[PDB]
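# Report on the structure
Residue-level listing of the chains:
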Amino acid sequence: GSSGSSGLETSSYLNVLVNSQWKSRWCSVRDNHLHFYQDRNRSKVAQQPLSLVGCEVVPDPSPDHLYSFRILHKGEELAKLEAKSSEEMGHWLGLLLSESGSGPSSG
């Protein structure tokens, strides 16, 4: 949306679907893995990280927000995140995809 703000560090706030409920969660991707946090400054880890490496990020929007995506592992479900704006989801889609699949496999 707002094109003119530096200081993202691919560490923006995303909506991590939980028990059929969109709850605010801090998503941090690093080393081809999506870690989950709660407090600020990656104080504590919300739960086991994600092994994006291999997964598949597909744009699965909703009738209430066309800015939501989900990951899949060979057709299965791994997680589901939701951005705030279309431009935001567009940065995550490719961001994750790149991580999910790199090396001597498919390259």
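Solution NMR is the method the PDB entry states for this structure.

If you look the protein chain up in the PDB entry, it shows as Protein KIAA1914 from Homo sapiens.

### Considerations on the packing of aromatic side chains
The geometry of two aromatic rings is summed up by the distance between their centres and the angle between their planes. By the definition in use, this model includes one aromatic pair. Ring geometry for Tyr-13 against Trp-26: centres 4.8 Å apart, planes inclined by 70 degrees, an arrangement best described as edge-to-face. Here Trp-26 lies in strand 2 (residues 21–29) and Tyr-13 lies in strand 1 (residues 13–18), a separation of 13 residues in the sequence. For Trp-26, a relative accessible area of 15% translates into the label buried.

### Focus on the sheet that holds strand 5 (residues 56–58)
Strands belonging to one sheet form pairs held by backbone hydrogen bonds; the direction of such a pair is parallel or antiparallel. Within the open sheet, the seven strands sit side by side as 4-3-2-1-7-6-5. Their pairing is antiparallel. The open sheet has two edge strands, strand 4 (45–50) and strand 5, and neither has a second partner. Averaged over all pairs of adjacent strands, the angle between their axes in this sheet comes to 35 degrees, without regard to strand direction. Alignment of strand 2 against strand 3 (residues 34–37), held across four bridges, turns out to be antiparallel. Counted as the bridge partner of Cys-27 is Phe-36 from strand 3. Sheet strands touched by helix 1 (residues 86–99): strand 1, strand 2, strand 5 and strand 6 (68–73). Its angle to strand 6, the strand with the most contacts, is close to 15 degrees.

### Focus on the side chain of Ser-28
Positionally, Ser-28 belongs in strand 2. The class of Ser-28 is buried, set by a relative accessible area of 9%. Each residue touching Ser-28, except ones within four places of it in the same chain, is listed here: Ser-11, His-33, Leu-34, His-35, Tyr-37 and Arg-42.

### Describing the nonpolar core
Ranked by internal contacts, the top residues of the largest apolar core, which has 20 residues, are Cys-27, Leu-34, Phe-69, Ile-71, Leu-81 and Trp-92. For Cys-27, the contacting residues outside a window of four places in its chain are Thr-10, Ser-11, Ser-12, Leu-14, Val-16, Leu-34, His-35, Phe-36, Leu-81 and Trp-92.

### A look at the environment of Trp-22
Mapped onto the fold, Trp-22 is located in strand 2. Given a relative accessible area of 37%, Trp-22 falls into the partly exposed group. Spatially, the C-alpha atoms of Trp-22 and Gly-103 are 33 Å apart, while their sequence positions differ by 81 residues. Once residues within four sequence positions are removed from consideration, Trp-22 is found in contact with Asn-15, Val-16, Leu-17, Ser-68, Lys-80, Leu-81 and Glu-82.

Parameters and conventions
- Residues numbered from 1 in each chain as written, not as in the entry; some residues may be left out.
- Heavy atoms only, no water.
- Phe/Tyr/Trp six-rings, centres within 6.5 Å; stacked < 30°, edge-to-face > 60°.
- Helix = DSSP H or I, 4+ residues; strand = E, 2+ residues; numbered from the N terminus.
- Buried < 20%, exposed > 50% of the residue type's maximum accessible area, 1.4 Å probe, protein only.
- Pairing = 2+ DSSP bridges.
- Axes fitted to C-alpha atoms, helices over the stretch in contact; angles between N-to-C directions.
- Contact = heavy atoms within 4.5 Å.
- Core = buried A, V, L, I, M, F, W, Y, C linked by side-chain atoms within 4.5 Å.

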